[PDB]
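A single chain, nothing else alongside it, follows as structure tokens in the form deposited in one PDB entry.
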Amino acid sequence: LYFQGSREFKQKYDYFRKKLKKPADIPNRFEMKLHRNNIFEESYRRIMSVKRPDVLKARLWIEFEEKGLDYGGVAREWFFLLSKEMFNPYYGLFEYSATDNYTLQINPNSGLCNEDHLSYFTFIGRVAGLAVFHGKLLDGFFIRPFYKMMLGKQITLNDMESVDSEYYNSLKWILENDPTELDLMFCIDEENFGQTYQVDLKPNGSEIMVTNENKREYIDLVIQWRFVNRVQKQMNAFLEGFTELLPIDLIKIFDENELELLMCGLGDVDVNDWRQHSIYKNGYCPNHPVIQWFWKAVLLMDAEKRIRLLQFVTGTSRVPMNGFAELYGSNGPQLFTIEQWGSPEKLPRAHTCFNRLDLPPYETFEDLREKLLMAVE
């Protein structure tokens, strides 16, 4: 299945769009004149200067540095280029949810990176609200608890699985079995800029043991800590900006899976960029049957498996912001590499520090495809 509940998504989408009003009370165009190389700070100033947010709902008229293009197409570029910045953890406002993940979460230390952080979150919410209002997608994916918080839905243990399987399986184990052999206490490690702090989940938590009686409270507190309690001013600031463009009661017709799709579309890896920036070693080359089989097998995979493949080889499911040319390994720049290795009766292997697939020279297309899918799973 590819878009479960699509009947209902489109029904909500039609209703939503009818309920959105374009005021006739406003200028014909909202204009922006920007430099690609300075898009984040320039858009912040322009968007945060406006005092009547209804003027933002005018037809977007964005120009970079050129006049002869479609304005919808250019707005779509602006949204894409600016997403790439807003969501770049370099700014300290968002961070990747784990090293192997591409999904973003609010950085709880945002106010330490930037005294005016809440102003920035408001700006970001204004831009997300603007995107939905004008029917554009953002380029980036937030963790599932972010969408839930936008909708005022409670964050749960099941929200942990998509973010951190290992940790979800541990907490699920505790929920389903007597925790006492684990010797856990109501405190957790919090790492802030390379420094670790033991923080109490509850008063004098560090001295309270987790038992069959209190383990559910323990799980709730951890989940609060992990997703909620540290970022409420951020999220509140983000929601103030978002709802300057969209009434929260309209957006709340969507559930959290529908909201992600509406805001962000579907995740995938660009195979053409991938293929153009890969290197072959130990006897492989672009025309080699094994390599041509390889790329066709990659193209035949679903989005999710391609992502799993990328993570299998590189250690992460994220693609550098400037695409595969800028792929990095353990010791600096390292393009994605396929090296002839092993016997055709072995499965492929990876050296993640080198972004390197060790790929045996299989004897047919179908064998390669089957052995590769198995390795990926």
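Residue numbers run from 1 along the displayed sequence.
The protein also exists as the form deposited in another entry; that form is not presented, and the subsequent description refers to it.
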Rigid-part rotation between this form and the one not shown - which of 95, 266, 341, 224 lies at its hinge: 266
Quick one: in the other form, is the Cα gap between residue 317 and residue 88 smaller or bigger than here? Answer closer or farther; it shifts by 3 Å or more. closer
Knowing the shift is 3 Å or more, I'd like to know if the C-alpha atoms of residue 349 and residue 166 are closer or farther apart in the other form than in the shown chain. farther
